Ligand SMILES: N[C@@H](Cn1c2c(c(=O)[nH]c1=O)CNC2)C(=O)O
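The chain below stands alone and is given as structure tokens, in the form deposited without the named molecule.
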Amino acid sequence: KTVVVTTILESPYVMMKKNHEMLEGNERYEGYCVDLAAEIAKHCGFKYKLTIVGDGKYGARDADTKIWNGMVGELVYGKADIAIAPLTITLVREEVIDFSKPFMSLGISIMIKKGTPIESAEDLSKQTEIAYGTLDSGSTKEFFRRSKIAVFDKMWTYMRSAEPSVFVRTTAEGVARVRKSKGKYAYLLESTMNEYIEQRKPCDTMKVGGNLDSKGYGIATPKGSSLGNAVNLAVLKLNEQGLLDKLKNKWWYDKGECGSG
């Protein structure tokens, strides 16, 4: 009766230990969600096996085939019992799996190369010298496409037509583009990743301004799962004990490479 946990290789949530081939089972992995999985299992009284999602994806429903991919797909098609990963709580996912209460907060944020004269989305929207963009697919692009807020609508009208294209295929390319564009590119991405990169060498990026929306990561279990209630309560217990803040500090700042300000 070992619980099958699906998760995803994304730093600092789940990472392969360099000597993983000499280790076995859950010991092959380390990270924020590795620690969280252990805490959840302890407070719910189950043993578990960590597995990495087969297709490396989070969870989206292909509009044509109507098939779920990623960790959500592994839940609804019965390949895993629970997903413990940086999986954003969204309406479409909530329809098909049960999300625990959030274990981490996040929102759209701005990444600049140190020295860029930008403090806010409003700053971005009122100037043209500094290009800015998003991942070419996903929720951040759609946030701007759909927004009725004047500043964000102005940003969307700019980004949708900017040339050369301000959209990037991957988060890594957005980050690289900030680092290599000599201050002439700002990247819009989730605050959690932005904060993580701010603590990575070469320590040349910064998160600026407040978050543009409010989201969270949640643990996912299939509907009717015998684990759902206990996991949900475990998340709240961990927060009230300060352990979620403790874990984020550990993996973002204690293990950071750029010191303080």
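The first residue of the shown sequence is 1; numbering continues from there.
The same protein also has a form deposited with the named molecule bound, omitted here; what follows describes it.
- Not displayed here, the named molecule is kept clear of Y29 by more than 4.5 Å at the level of heavy atoms in the deposited bound form.
- Mapping the unseen interface onto this chain, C44 falls outside it, with no heavy atom inside 4.5 Å of the named molecule in the deposited bound form.
- For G73, no non-hydrogen atom is located within 4.5 Å of the named molecule in the deposited bound form, even though that partner is not displayed.
- By the criterion of a heavy atom within 4.5 Å, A121 is excluded from the residues contacting the named molecule in the deposited bound form.
- Taking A80, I97, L87, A186 one by one, only a single residue has any non-hydrogen atom within 4.5 Å of the named molecule in the deposited bound form, and it is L87.
- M193 is the sole member of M193, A230, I52, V208 with a non-hydrogen atom within 4.5 Å of the named molecule in the deposited bound form.
- The single residue of 51-65 lying near the named molecule in the deposited bound form is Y58, the criterion being any heavy atom within 4.5 Å.
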